[PDB]
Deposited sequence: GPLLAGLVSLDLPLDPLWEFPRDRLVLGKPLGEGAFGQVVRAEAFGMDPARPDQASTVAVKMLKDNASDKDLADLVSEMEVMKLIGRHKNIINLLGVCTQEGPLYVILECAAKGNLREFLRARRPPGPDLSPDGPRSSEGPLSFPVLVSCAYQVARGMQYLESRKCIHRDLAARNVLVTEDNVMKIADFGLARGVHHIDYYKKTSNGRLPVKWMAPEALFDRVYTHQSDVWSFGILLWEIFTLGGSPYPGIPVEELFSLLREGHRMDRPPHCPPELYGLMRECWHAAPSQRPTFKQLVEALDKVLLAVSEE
């Protein structure tokens, strides 16, 4: 439709699609082989992920999709986020090219390598948490947010780099109380979800509030109850979870303070 952005346009001729990766609600994501995404070398053929409208399309699907593409242009590169590589708006159907995370999302990454009984050593788990904290701090600094913030929304590269998916200016067990009841989202509500994700990591991909149907959960939070410390999880990291789950948002740590705490934990080597 419109227009041509020379900072981002990529010719479809050097883009052969491949097997689907997953969906959706905004668009199908396929694996794809791209030729010459790094123009220092017109030969090196690296893989990417490509986002497209599925086809009984919209009228609320192309709208946010192009809105999604414009948002990623403005934030720019960061190591701990799914970066935008190029776009194809010149010959018909819209393609959005992004970095490929070979190992799927964080929750699948953890559960697939789970032990059978009583790889994912302690520093790797801290490494995952530190990286996601680094990504969320950057997003907040660009006055952008990510309300969802579950392990299923963090992708893992071939090199165990954590990259947050989705960017912009019913998953009820991850949501801070004010976003759950008052329906208001802040940077401090993001920190609540990070605590839940912290717990997702050190249970190696467990389900939050296990055995609890999602309803009465609000009463237990009102009663001051939080999830217990997972086994073999050190009390320092459970202390951070409890700080992320403090009822008052101003009593919660900011993403800066969570990066320093996790950094001090990684430095223990």
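Chemist: Got a list of the deposited-sequence ranges with no coordinates?
Modeler: No coordinates exist for the deposited residues in 1-10, 129-140, 192-208, 309-311, so these stretches are absent from the model.
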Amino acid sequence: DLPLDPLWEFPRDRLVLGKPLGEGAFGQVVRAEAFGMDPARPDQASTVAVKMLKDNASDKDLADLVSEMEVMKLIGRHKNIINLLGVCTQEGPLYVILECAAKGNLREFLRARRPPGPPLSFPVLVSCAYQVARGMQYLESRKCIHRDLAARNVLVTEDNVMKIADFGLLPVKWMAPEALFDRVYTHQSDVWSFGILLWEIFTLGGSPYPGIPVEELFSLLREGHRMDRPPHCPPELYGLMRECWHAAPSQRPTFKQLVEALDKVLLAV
From here on, numbers count along this sequence of modelled residues.
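Chemist: Look over 124-132 and 86-94 in the entry and identify the one with the greater average Cα temperature factor.
Modeler: Averaging CA B-factors over each stretch, the winner is 86-94.
Chemist: Between 249-257 and 7-15, which has the higher average C-alpha B-factor in the PDB entry?
Modeler: Between 249-257 and 7-15, it is 7-15.
Chemist: Considering only 104, 195, 168, 76, which residue's Cα atom bears the greatest B-factor as recorded?
Modeler: In the PDB entry, the greatest C-alpha B-factor among 104, 195, 168, 76 is found at 168.
Chemist: Quiz for you: based on the deposited Cα B-factor, which of 159, 140, 108, 148 is highest?
Modeler: Of the options given, 148 has the highest CA B-factor in the PDB entry.
Chemist: Sorting the chain's modelled residues by C-alpha B-factor, tell me whether residue 70 ends up in the lowest, middle or highest third.
Modeler: Within its chain, residue 70 is a middle-third residue by C-alpha B-factor, going by the deposited values.
Chemist: If you rank every modelled residue in this chain by C-alpha B factor, which third holds residue 225: lowest, middle or highest?
Modeler: Middle third - that is where residue 225 ends up once the chain's C-alpha B-factors are sorted.
Chemist: What third of the chain, by the recorded C-alpha B-factor, contains residue 242?
Modeler: Tercile = lowest for this residue's CA B-factor.
Chemist: Lowest, middle or highest third: where is residue 2 by Cα B-factor in its chain?
Modeler: Highest third of the chain for residue 2's C-alpha B-factor.
Chemist: Hey, what third does residue 184 fall into on Cα B-factor, ranked over its chain?
Modeler: CA B-factor rank for residue 184: highest third.
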